[PDB]
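[1] Sequence first, structure after; it's an experimental one.
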Amino acid sequence: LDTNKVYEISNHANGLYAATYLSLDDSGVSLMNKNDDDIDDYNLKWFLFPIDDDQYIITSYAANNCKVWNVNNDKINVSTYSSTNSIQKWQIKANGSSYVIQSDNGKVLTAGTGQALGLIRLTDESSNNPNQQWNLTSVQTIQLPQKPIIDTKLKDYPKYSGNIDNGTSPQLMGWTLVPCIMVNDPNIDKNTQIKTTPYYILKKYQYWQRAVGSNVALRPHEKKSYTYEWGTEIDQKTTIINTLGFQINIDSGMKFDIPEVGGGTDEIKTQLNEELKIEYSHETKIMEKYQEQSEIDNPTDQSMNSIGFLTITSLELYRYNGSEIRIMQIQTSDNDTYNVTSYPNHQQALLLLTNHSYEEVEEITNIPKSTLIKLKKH
């Protein structure tokens, strides 16, 4: 189904609409006649958000604090979204001209009859029960932010000219839309949130940046030990975990948490993996700030300078109101991407030697032939 619409949901058999009481935040869901004398005290508007595996979350649209349909003992009420609560997940299955609405528990939405006319419950699906068929009527469509051009290849890390850049420019490597119900945005109310920014934009940028501590000066014929920093200096608790319900582990892979406030994004993890190209973590340790011991060897008779780069990943989340408003960012660096480069560039010299002569390389790199030979020696 389209998930950028506000829908009314009505029963095929009895023509009544699914509704909550506006003034009770934890309201049960009932069936009301759209011309009832008190219809203005109910909400009939529902917003569908898509989650993994062709399922949906059904959200009270700017009513009941944007709580979502929630099944308890075969009855439906609206409760705070929880990305770890299976009883809030739905399947909506086309069945001729209507739809069957099925809970994660396998039962289906059913209108009561007779003394129970007006009631809605979950029960077992029957062969053909008009009371288990539902119509979705679109009453509003919200135009969504358009996905921009995404890069697929990270530019090379900088090389010495002997000057060198401190990094490269951020490239957008992934972009995806996140249901507002899965976003804890403490600076806006939930009802205003769903009306103005029902989908947030989550971007992933990558680029290279100099590793702090990695600029090393070497004299002739010496090895020098050093340490560079990597990881993140950002507090994950107050940024990504409390906002989206996930953390970045030492692996640079993502790990899903139950946030202090908010429902989280556990139910869209496949979408995140695929659209942001972020691996699931294989570690248990959250990324912090680290120092990797390393060594530079200069086996030549000339001095040398070295510096290292890391691939930075920046995850940034934006409200979208006709423009993007950033509400969260975190940058991390991945020690498995560490690369060093030198001046004079011994690595470029050895590579050049695979299809150039010594005299040619000597000319290109300014490195003497005897050194070129020493270099090749190890």
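    That came through fine. Numbers count the residues shown, from 1 in each chain.
[2] separation between the residue nearest in space to the middle of the chain and residue 282?
    Residue closest to the mean C-alpha point of the chain, counted by C-alpha atoms, centre = their mean, is residue 272 at 4.6 Å. Going from residue 272 to residue 282 by C-beta to C-beta, to the nearest Å gives 16 Å. From N, CA and C alone the C-beta is placed, and that goes for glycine too.
[3] coming back round to it: quick check: what element follows the helix or strand encompassing the residue nearest to the centre of the chain along the chain?
    If you go by DSSP states H and E, residue 272 is part of helix 269-276. Toward the C-terminus, helix 269-276 is succeeded by strand 289-298 as the next helix or strand (DSSP H and E).
[4] Give the partner strands of the helix or strand just after that following strand in its sheet and their orientations.
    Sequence order places strand 304-320 as the next helix or strand after strand 289-298, per DSSP H and E. Strands that pair with strand 304-320, judged by DSSP bridges, come out as strand 199-210 (antiparallel), strand 216-218 (antiparallel), strand 324-333 (antiparallel), strand 339-343 (antiparallel).
[5] Pick the most deeply packed of these.
    strand 199-210 (a mean of 21; mean count of other C-beta atoms under 10 Å).
[6] OK, contacts around residue 212?
    Contact analysis of residue 212 by C-beta atoms under 8 Å, 6 or more residues apart in numbering lists 228, 229.
[7] how's this structure carved up into domains?
    What curated CATH domains lists as the domains of the chain is 1-142, 143-344, 345-378.
[8] thinking again about what came up before, same list, the strands paired with strand 304-320, but as JSON lines with distance to residue 145 please.
    Listed next are those as JSON lines, based on distance: least, C-beta to C-beta, whole Å:
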{"stretch": "strand 199-210", "distance to residue 145": "6"}
{"stretch": "strand 216-218", "distance to residue 145": "45"}
{"stretch": "strand 324-333", "distance to residue 145": "8"}
{"stretch": "strand 339-343", "distance to residue 145": "35"}
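[9] do you know which of the ones you listed lies nearest residue 249?
    Of all the strands paired with strand 304-320, strand 324-333 sits nearest to residue 249, with 9.7 Å by C-beta to C-beta.
[10] Tell me if residue 364 really is in a helix.
    Yes. Residue 364 sits within a helix when classified using DSSP: H, G, I helix; E, B strand; the rest coil.
[11] The closest residue to it other than its chain neighbours: how many residues sit nearby?
    Among residues not flanking residue 364 along the chain, residue 352 sits closest, at 6.1 Å (C-beta to C-beta, 6 or more residues apart in numbering). Number of residues near residue 352 (other C-beta atoms under 10 Å) recorded here: 19.
[12] now swap in the one 3 residues further on and tell me
    Neighbouring residues of residue 355 were enumerated by other C-beta under 10 Å; the total is 8.
[13] Would you map the helices across the chain?
    For the chain, the helices defined by DSSP state H cover 190-196, 242-244, 269-276, 346-352, 358-365, 369-377.
[14] out of these, deepest packed?
    Greatest average neighbour count among the helices of the chain goes to helix 242-244 (a mean of 25), per mean count of other C-beta under 10 Å.
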